[PDB]
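So for the sequence shown, the working numbering puts the first residue at 8; every next one is plus one.
A quick write-up on the structure given underneath.
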Amino acid sequence: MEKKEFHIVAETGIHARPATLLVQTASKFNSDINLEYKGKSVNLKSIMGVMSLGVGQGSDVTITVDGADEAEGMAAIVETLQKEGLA
């Protein structure tokens, strides 16, 4: 299991295209991937879950990756957050 904290700085927060690309990336892995904000956790492979969380600019979030491809899954997520300018 891998866990990492991130501070969201995009003006859009996790919404619109930045949110869809993130979920698409998460969806490529077999591990369980969860996003947690202010104590509530959602499946990062679910666009509905992510939208329900309502993560805006300045938010502190935690991502947990747990499974057979968790090393490359966490790495890919870190890469994607930085490439999209989310965190």
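Cβ coordinates follow ideal geometry from the N, Cα and C atoms, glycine included.
Check	Outcome
Backbone secondary structure at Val62 - three-state DSSP	coil
Given 8 Å, three or more beta-carbon pairs between the stretch 72-83 and the stretch 15-25	no
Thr32 (DSSP reduced to helix, strand or coil)	helix
Residue interval of the beta strand (DSSP E) (run including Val72)	67-73
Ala26 classed as buried or exposed, judged by whether at least 16 other C-beta atoms fall within 10 angstroms	buried
Candidates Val85, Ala94, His14: closest to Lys45 by CA position	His14
Identity of the residue in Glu9, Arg24, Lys35, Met8 nearest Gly92 by Cα	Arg24
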